[PDB]
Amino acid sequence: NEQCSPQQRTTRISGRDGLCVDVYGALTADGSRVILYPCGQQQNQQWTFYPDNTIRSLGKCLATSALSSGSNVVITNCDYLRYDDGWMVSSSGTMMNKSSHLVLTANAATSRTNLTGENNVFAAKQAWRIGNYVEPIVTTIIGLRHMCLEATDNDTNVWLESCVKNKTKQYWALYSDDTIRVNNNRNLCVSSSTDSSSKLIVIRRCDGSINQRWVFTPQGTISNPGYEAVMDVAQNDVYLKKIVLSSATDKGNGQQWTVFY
């Protein structure tokens, strides 16, 4: 009965590179800006969610500051939002202002940045994990023929190999920004091709792009929502050593994956 209608929950919000959503300097004036900052236990990184679709820290509401893209996300007196529909968080961690459709974004070339309301392109820098546990989740990723994804060729390529417990290059760090990182080189991300001639999924330097945003779906796929495609084993043949981005299709089993943590 009452457990079906939780009245609030206080948690943290982490995203790009595992940093936290942070009211800068714990300032409380209306329009005080929100940034990314290393995660900690400070009050200015505690966000309380309420069933009115507000998201609050230091008693005030997370909000966009403009109707068009590129302005800061701020906190402001929640009474200023009385006739506002608030925030909607998608199942894939997109945080959207319901009215403007702008999404919470860490847009700069660095992670050490002001957070802004931008047009959604499903970039990794627009992906968020709302939750108190902010760390990357270390896991193997199991796919066709019960095999494990492995980082190969000095961490530039990725394909399926027989699972070997503790084999270093078969471990992945699942970050709050929906990136899939090489566990012992967390500056490298699984990436869809940046060359339009190739559909090959590779490993590249983490850069916040659409190419690097991956969603583990309830239907068992690894989806790139920006590119409306999923990870697939080339020709449903693990011995080809190629994982590609493809449109979703239930012809074989090469689009099925799960996590074994």
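Just so we're on the same page, rigid core means the largest C-alpha set that superposes within 1.5 Å between forms. Position 1 is the first residue in the sequence shown; the rest follow in order.
K.L.:
In 8 other deposited structures of this protein, superposed by the rigid core, which stretch departs further from the shown form in CA positions, 104 to 112 or 149 to 157?
P.N.:
When 104 to 112 and 149 to 157 are compared in 8 other deposited structures of this protein, 104 to 112 lies farther out.
K.L.:
Averaging C-alpha B-factors over each stretch, which comes out higher, 115 to 123 or 128 to 136?
P.N.:
Mean B over CA atoms: larger for 115 to 123.
K.L.:
Mean C-alpha B factor from the entry: is it higher for 228 to 236 or for 55 to 63?
P.N.:
The stretch with the larger mean CA B-factor is 55 to 63.
K.L.:
Which of these, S99, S176, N187, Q170, has its C-alpha atom at the highest B-factor, as the entry lists it?
P.N.:
Answer for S99, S176, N187, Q170: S99, with the highest C-alpha B-factor.
K.L.:
Looking at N44, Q212, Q219, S197, which has the highest Cα B-factor in the entry?
P.N.:
Max CA B-factor in the entry, restricted to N44, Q212, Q219, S197: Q219.
K.L.:
Sorting the chain's modelled residues by C-alpha B-factor, tell me whether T28 ends up in the lowest, middle or highest third.
P.N.:
Its C-alpha B-factor, which the entry lists for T28, ranks in the highest third among residues of this chain.
K.L.:
Sorting the chain's CA B-factors, does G208 end up in the lowest, middle or highest third?
P.N.:
For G208, the deposited C-alpha B-factor lands in the lowest third.
K.L.:
Please place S191 in the lowest, middle or highest third of its chain according to the CA B-factor in the PDB entry.
P.N.:
It belongs to the lowest third of the chain when residues are ordered by C-alpha B-factor.
K.L.:
Just say lowest, middle or highest third for the CA B-factor of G70 relative to the other modelled residues in its chain.
P.N.:
Highest third.
K.L.:
Taking only the Cα B-factors deposited for this chain, tell me whether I13 sits in the lowest, middle or highest third.
P.N.:
Lowest third, going by the recorded CA B-factors of the chain.
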